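Down below is the structure, laid out as C-alpha cells.
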Amino acid sequence: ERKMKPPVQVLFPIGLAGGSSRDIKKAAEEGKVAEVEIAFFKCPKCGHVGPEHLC
Amino acid sequence: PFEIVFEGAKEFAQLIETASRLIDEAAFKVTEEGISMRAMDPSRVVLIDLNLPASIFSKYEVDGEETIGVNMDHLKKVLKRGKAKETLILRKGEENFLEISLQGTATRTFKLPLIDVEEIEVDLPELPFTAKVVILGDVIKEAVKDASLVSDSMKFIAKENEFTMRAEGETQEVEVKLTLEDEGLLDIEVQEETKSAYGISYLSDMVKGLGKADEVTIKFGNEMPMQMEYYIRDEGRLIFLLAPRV
Amino acid sequence: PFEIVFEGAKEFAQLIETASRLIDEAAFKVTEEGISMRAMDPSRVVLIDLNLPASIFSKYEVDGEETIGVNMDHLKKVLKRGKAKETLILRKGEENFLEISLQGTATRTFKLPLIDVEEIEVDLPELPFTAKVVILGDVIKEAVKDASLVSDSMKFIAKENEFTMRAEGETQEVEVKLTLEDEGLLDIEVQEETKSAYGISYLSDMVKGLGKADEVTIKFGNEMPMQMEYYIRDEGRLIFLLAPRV
Amino acid sequence: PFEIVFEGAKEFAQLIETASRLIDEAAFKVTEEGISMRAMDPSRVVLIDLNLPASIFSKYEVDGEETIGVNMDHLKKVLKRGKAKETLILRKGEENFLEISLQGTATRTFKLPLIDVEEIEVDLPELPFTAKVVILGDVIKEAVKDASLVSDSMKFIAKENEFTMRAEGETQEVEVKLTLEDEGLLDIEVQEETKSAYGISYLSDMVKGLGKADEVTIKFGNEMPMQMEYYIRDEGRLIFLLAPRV
Amino acid sequence: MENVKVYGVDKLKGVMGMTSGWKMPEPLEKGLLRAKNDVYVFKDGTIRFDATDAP
DNA sequence: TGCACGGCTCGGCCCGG
DNA sequence: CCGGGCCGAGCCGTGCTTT
Ligand SMILES: [Zn+2]
C-alpha cells in the first residue's frame, strides 16, 4: 500500500496537542486546546465561525 | 556527629518517597529535638513540611545542630532496599559523608555524598480556614482516583453536615457525597459555605502512598490553598499547601 | 424511568468486560422481562447474545420498554471501579443520561450521556448440532493458550466418549485429548463423526476471563459455526457463535 | 526409546531456565546413570555443568546412551507451560522427535523437533582454591542487588573467620560483611587472604533463580576464576565457572 | 461523531501542519470513516496501492 | 534510497511480597 | 490482590572508502 512517513488518516492539523503520533482522538479526550494555522469560514446569515463548510 | 536508630525501614522509605516526588534536592535539619525539613515545589505550587520528634526514634543521640544536604533520588533508591522488618540506622562522623546502615539477617552499609543546598525560610502562620474536616485516607484516595477519569480538576464543597467532591468534563461527570452518618467523615466543623478547585495531578501525588486506615485532616476556604496533614507513628506529621487553580 | 440493583458489582464488571472485548458499541434492551443485548463484531465473524432475566436482580423496577446506547469503553472503565462487596445501581430519569451508582462505605455516582447507536436486527435459527460437549473453563483456556503458542488455528475433533483438540503448527504439534472418565469433561453425546477448525484470535478473546469452576457448553458439527454458552447466576446466559474457517 | 518421569515440572522448568540464560544450544547426554550437560557461552566467559542421576527421578528407563540436542528457547517455553503439581514425562521413539507430555488435571503432549550441535569436550582441571565459603541464597542475591546499584563490578575479600563483599563507584560505596557467628554464614575455610572481582552482569544472570533458603558454596582464589555450587534435591548438582576481572 | 454515527474509533491520526497555501482542512467525518474501515490517505486526498508492473 | 545503530515514551503482561 | 520490571511497538535522530 501507500502511507505517509507517519501514517495519516485525515488531513486536519493538530500540532503537538496529540503527541508524537498526532492522535486527534486522544487530544480530544483530554480536553486540550490546540493552536494551529487553519482556515475559518463564516456563515452569512447568523454568524457562526469555524473550520467548516456548512453551518 | 550523630547516631539515629529507627525500626521499620519501609515506613521511613515511604516517607522519603512521598517527600521526594516533588523536590529533587532538600536539606534536613538535625537537632536535639529531632529532624525537620521544609522545601517547595519547583513550580511554586506545593509546599512540604516535615517533623520527626526524637521520641519516634528508638535511639537519638546528638550534640548541637548540623545541616544535611543530600540528593533525594539516591537516598530514595538506597532506602527502597529495606525490607519491612529491617532496622534502619543513620550515622555520621567527622567526614562530610552520610552513612545509611540496614541491619537484618545480614548487615549492609551505604555511604552517600553531601551537596550544599541553599536554605530559604518560609513559614506560613495560621490562615482563615472556614471549614475543617477529618476523613479516612481510603475515601479521599478513591474520590481522587475516580475524578481522575472525567477531567484534571477536582472541586471541593463543604456545608453543614455535608462534604462533597465533584468533577466535571466535556461530557461526563462524577460526584461523591459524605455525611456524618457515614463512616468516611469523622467530623466536620464549617462556619460558612466554601468552595475551591485543585489540580488532579498534585492531589494524586500528595494522596498516593497514604494508609488505607488512617486519619487525614483537610482544611480549606473560599478560593484559597488547602491544608492536608496526618500523623506519623503518633508523633510526626506532614503538611501540604496546594495553590488553587484559577 | 427504570431502576435496577445488582449485588456483586465486580461480577457485573467482569461480565460486561468479557462482552465488550469484541464489540465497540452496543445497544441494551430494557423490558419487563430483563436486560438484553445483541451485536456483531466489526469483522462480522462472531455473534454475541446476552440475556439477563429479571430474577437475578436484587431489585428490578421497570414501567415500559426502551433501549439505551452507551460507549463500551466508558462504561467498562466506570464499572472497573467497583469492589467485590459493592452493590451496583443503574437508573435513568427523564433526562438523557445514565447514572451508575456504586454503594458501600460511601456513595459514588457517575453520569454517562446516552448516544444514538443504530439498531441492526440479526438472529440465527436453531442449527443441527451433531456433537455437544460440556467442559470446564480452565481446560479450554489452557488448550487455547497452547494452540496459540504453537499454531495460529485450532481443530475441534470429537468421537464417541472422547473429545480432543489439536493445533498443528508449521513444524511443531500439540495434542490434547479427554474422555468422559476424565475430570475435564462432564458428558458427551456425538450423533456422528465431527471435526472443524476455527481461528485462534477470536477464541482467545472470548475464552479469556473464564473462571476455573465454570461449566461451558460447546456445540459444533461439520464445517459449521460453533456455539459456546455459559450461565450467569443460574438464570443469565451469554452465547457466542464463532464461524468456521475455509 | 526411553521413559523418564519427573514430579514437580515447575522445578525442572526453573532449572532449565536458569541453565539457558547464558547459553543458547546444548546437548543433553543421557545414560544408564542419569542426564548430564555442559557448555560454554559465546563470549567464552562462563562454563555451566549439570548432572541428574537416576536417584532423583521417580521412574527411569534408558537402554544404552544417547545425546539429545534441542533449542533452549522452545524447550523453556514448553516447560513454562507446566504447573506446580504436575508430573513431567520425557519420552521418545525411533523417530527423532522429542515428545514432552504433562500429566496433571489433563494430559497435553507437545512435539519439539531435534537439532544437531557440535560437541567440544573441555574439562578445566581443579585449581588451588584458597577459600571455601558456604552461604544462603538470599544473602548473596540481596548483596548482588545492592552492589548493582553503585557499580558494575563486585569484589570479594576472604579472611580468617571473616567474609565481606564490596562494591565502589565514582562517589558511592557499598559494603556487606558477615562472620561465622552470624546466621547468614555456615562455614568458612580460608588458607590465606584472598581478593578478586567479577562482573555484575554475569553474577546477576546466574544468581537469579535461587531460593531464599538454600545452600551455596563458593570457591575462589587470588585473581583466579570462581566456582559456585548448589545441589538439586540432594543428588544432582550445578557448576558455574566465572572468569575474574582486571 | 454525532454526524456520521461512528463512536467506536480508538485512534484518529492527523497532520502536524498543512503544507498547502490555503490551509483548508478536510472534514472529520471522512477521517472517522477511514479509521473505521482501516484505510489511509495521501497528500491529495486519495487512497493508493503500489505494485510492480508486468506485461 | 534501503538497510544498520542508538536516545525516548507507552501500554500489556506478568510475577512475587 | 495491587504494584514494579521488563519488553515490544512506535515517533524523532545519525551515518554509509578519499593521498
Ligand atoms: Zn449559519
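So you can find residues: chains in the C-alpha cells are A, B, ... in the order shown, residues in each start at 1, and ligands are numbered from 1 in order.
Taking the backbone of this structure through DSSP, the residues of range 74-191 of chain C that come out as helix (DSSP H, G or I) are residues 74, 75, 76, 77, 78, 79, 137, 138, 139, 140, 141, 142, 143, 144, 145, 146, 147, 148, 149 and 150 of chain C.
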Please identify every polymer residue within 9 Å of ligand 1, using only C-alpha atoms (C1' of nucleotides) and all ligand atoms, and present the set as a CSV table (one decimal) with N, CA, C and O atoms, in the first residue's frame.
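Printed below is pocket_25.csv as written:
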chain,number,residue,atom,x,y,z
A,42,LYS,N,-17.2,31.7,7.6
A,42,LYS,CA,-18.2,32.4,8.3
A,42,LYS,C,-19.5,32.3,7.6
A,42,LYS,O,-19.6,32.5,6.4
A,43,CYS,N,-20.6,32.0,8.4
A,43,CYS,CA,-21.9,31.9,7.9
A,43,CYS,C,-22.5,33.3,7.6
A,43,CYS,O,-22.6,34.1,8.5
A,44,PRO,N,-23.0,33.6,6.4
A,44,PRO,CA,-23.5,34.9,6.1
A,44,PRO,C,-24.7,35.3,7.0
A,44,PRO,O,-24.9,36.4,7.3
A,45,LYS,N,-25.6,34.3,7.3
A,45,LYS,CA,-26.9,34.6,7.9
A,45,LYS,C,-26.8,34.9,9.4
A,45,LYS,O,-27.1,36.0,9.8
A,46,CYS,N,-26.3,33.9,10.2
A,46,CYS,CA,-26.3,34.1,11.6
A,46,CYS,C,-24.9,34.6,12.2
A,46,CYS,O,-24.9,35.6,13.0
A,47,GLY,N,-23.8,34.0,11.7
A,47,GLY,CA,-22.5,34.5,12.1
A,47,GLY,C,-21.6,33.4,12.8
A,47,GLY,O,-20.7,33.8,13.5
A,48,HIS,N,-21.9,32.2,12.5
A,48,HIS,CA,-21.1,31.1,13.0
A,48,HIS,C,-19.7,31.1,12.3
A,48,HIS,O,-19.7,31.4,11.1
A,49,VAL,N,-18.6,30.9,13.1
A,49,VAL,CA,-17.3,31.0,12.5
A,49,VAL,C,-16.5,29.7,13.0
A,49,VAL,O,-16.5,29.4,14.2
A,54,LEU,N,-20.2,24.0,6.1
A,54,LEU,CA,-21.7,24.1,6.3
A,54,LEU,C,-21.9,24.5,7.8
A,54,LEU,O,-21.3,24.0,8.7
A,55,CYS,N,-22.8,25.5,8.0
A,55,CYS,CA,-23.2,26.0,9.3
A,55,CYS,C,-24.1,25.0,10.0
A,55,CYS,O,-25.2,24.7,9.5
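When chain C serves as the reference and chain D is fitted to it on all C-alpha atoms, the deviation left is 0.6 Å RMSD.
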Would you list the contacts of range 233-243 of chain B as a PyMOL selection string, taking every protein, DNA or RNA residue within 7 Å and counting only C-alpha atoms (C1' of nucleotides), but skipping same-chain residues closer than 6 positions in sequence? chain B and resi 45-53+56+224-227
Can those selected residues be exported to a file as a JSON list (two decimals), in the first residue's frame so that it contains N, CA, C and O atoms?
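Heads up, here's the output in result35.json:
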[["chain", "number", "residue", "atom", "x", "y", "z"],
["B", 45, "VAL", "N", 3.96, 25.64, 43.75],
["B", 45, "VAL", "CA", 2.57, 25.22, 43.92],
["B", 45, "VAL", "C", 2.37, 24.44, 45.21],
["B", 45, "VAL", "O", 1.41, 24.67, 45.94],
["B", 46, "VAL", "N", 3.28, 23.51, 45.50],
["B", 46, "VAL", "CA", 3.15, 22.59, 46.63],
["B", 46, "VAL", "C", 4.29, 22.84, 47.60],
["B", 46, "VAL", "O", 5.46, 22.88, 47.19],
["B", 47, "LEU", "N", 3.96, 22.99, 48.88],
["B", 47, "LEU", "CA", 4.94, 23.13, 49.94],
["B", 47, "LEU", "C", 4.92, 21.88, 50.82],
["B", 47, "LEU", "O", 3.86, 21.33, 51.11],
["B", 48, "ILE", "N", 6.11, 21.44, 51.23],
["B", 48, "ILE", "CA", 6.27, 20.24, 52.04],
["B", 48, "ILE", "C", 6.86, 20.64, 53.38],
["B", 48, "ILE", "O", 7.86, 21.37, 53.43],
["B", 49, "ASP", "N", 6.25, 20.17, 54.46],
["B", 49, "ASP", "CA", 6.75, 20.37, 55.81],
["B", 49, "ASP", "C", 6.90, 19.02, 56.50],
["B", 49, "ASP", "O", 6.06, 18.13, 56.32],
["B", 50, "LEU", "N", 7.96, 18.87, 57.29],
["B", 50, "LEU", "CA", 8.27, 17.62, 57.96],
["B", 50, "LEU", "C", 8.60, 17.89, 59.42],
["B", 50, "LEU", "O", 9.04, 18.98, 59.78],
["B", 51, "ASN", "N", 8.39, 16.88, 60.26],
["B", 51, "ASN", "CA", 8.70, 16.99, 61.68],
["B", 51, "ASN", "C", 8.76, 15.60, 62.28],
["B", 51, "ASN", "O", 7.75, 14.88, 62.26],
["B", 52, "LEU", "N", 9.92, 15.21, 62.80],
["B", 52, "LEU", "CA", 10.14, 13.89, 63.38],
["B", 52, "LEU", "C", 10.71, 14.06, 64.78],
["B", 52, "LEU", "O", 11.93, 13.97, 64.98],
["B", 53, "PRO", "N", 9.87, 14.33, 65.79],
["B", 53, "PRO", "CA", 10.38, 14.45, 67.16],
["B", 53, "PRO", "C", 11.24, 13.26, 67.55],
["B", 53, "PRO", "O", 11.09, 12.15, 67.04],
["B", 56, "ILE", "N", 10.09, 9.50, 68.43],
["B", 56, "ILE", "CA", 9.76, 8.48, 67.45],
["B", 56, "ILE", "C", 10.89, 7.47, 67.33],
["B", 56, "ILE", "O", 10.67, 6.25, 67.29],
["B", 224, "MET", "N", -8.84, 29.49, 48.29],
["B", 224, "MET", "CA", -7.55, 29.60, 48.96],
["B", 224, "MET", "C", -6.92, 28.23, 49.10],
["B", 224, "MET", "O", -7.62, 27.21, 49.14],
["B", 225, "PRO", "N", -5.59, 28.16, 49.18],
["B", 225, "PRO", "CA", -4.92, 26.85, 49.19],
["B", 225, "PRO", "C", -5.37, 25.99, 50.36],
["B", 225, "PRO", "O", -5.63, 26.48, 51.46],
["B", 226, "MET", "N", -5.45, 24.69, 50.11],
["B", 226, "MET", "CA", -5.88, 23.72, 51.11],
["B", 226, "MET", "C", -4.70, 23.27, 51.96],
["B", 226, "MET", "O", -3.54, 23.39, 51.56],
["B", 227, "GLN", "N", -5.02, 22.74, 53.14],
["B", 227, "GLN", "CA", -4.03, 22.21, 54.06],
["B", 227, "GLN", "C", -4.41, 20.78, 54.41],
["B", 227, "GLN", "O", -5.51, 20.53, 54.91]]
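For chain C, the residues having at least one atom no farther than 6 Å from chain D, when counting only C-alpha atoms, are residues 172, 173, 174, 175 and 176 of chain C.
CA of residue 82 in chain B is found 11.8 Å from CA of residue 6 in chain B.
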Contact residues around residue 12 in chain G with only C-alpha atoms (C1' of nucleotides) at 12 Å, ignoring same-chain residues under 3 positions, as a VMD selection string: (chain A and resid 5 to 6 19 to 21) or (chain F and resid 6 to 9)
Distance query residue 13 in chain F at most 12 Å, only C-alpha atoms (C1' of nucleotides), self and fewer than 5 positions along chain excluded, as a list in words: residues 5, 6, 7 and 8 of chain G
Residues of the last selection are to be written out with C-alpha atoms (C1' of nucleotides), as a PDB file, in the first residue's frame.
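As a result, out22.pdb now contains:
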ATOM      1  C1'  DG G   5      10.132  -4.511  35.838  1.00  0.00           C
ATOM      2  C1'  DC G   6      10.607  -5.822  31.645  1.00  0.00           C
ATOM      3  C1'  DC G   7       9.612  -5.960  26.895  1.00  0.00           C
ATOM      4  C1'  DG G   8       7.952  -4.847  22.364  1.00  0.00           C
TER       5       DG G   8
END
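Minimum distance to residue 40 in chain E across A:17, A:34, A:9, A:4 (counting only C-alpha atoms) occurs at A:9.
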Any idea which chain E residues end up within 6 Å of chain A if we count only C-alpha atoms, as number ranges by chain please? E: 11-17, 23-26, 31, 40-41, 48-50
List as an NGL selection string the protein and nucleic acid residues near residue 178 in chain D, meaning an atom at most 7 Å away when only C-alpha atoms (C1' of nucleotides) are counted, but skip any in the same chain fewer than 3 places from it. (:B and (106)) or (:D and (162-164 or 182))
Just the selected residues (N, CA, C and O atoms), exported as a compact mmCIF listing (two decimals), in the first residue's frame, please.
# COMPACT_ATOMS: atom_id res chain seq x y z
N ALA B 106 21.58 -9.98 57.48
CA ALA B 106 22.94 -9.58 57.16
C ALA B 106 23.04 -8.07 57.25
O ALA B 106 22.09 -7.36 56.92
N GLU D 162 36.15 -14.43 58.55
CA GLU D 162 35.67 -13.15 58.06
C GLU D 162 35.45 -13.24 56.56
O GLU D 162 36.33 -13.69 55.83
N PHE D 163 34.28 -12.79 56.11
CA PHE D 163 33.96 -12.69 54.70
C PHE D 163 33.22 -11.38 54.45
O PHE D 163 32.41 -10.95 55.27
N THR D 164 33.51 -10.75 53.32
CA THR D 164 32.93 -9.45 53.01
C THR D 164 32.97 -9.22 51.51
O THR D 164 34.00 -9.43 50.88
N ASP D 182 27.46 -15.14 62.77
CA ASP D 182 26.21 -14.74 62.15
C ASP D 182 25.45 -15.97 61.64
O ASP D 182 26.01 -17.05 61.46
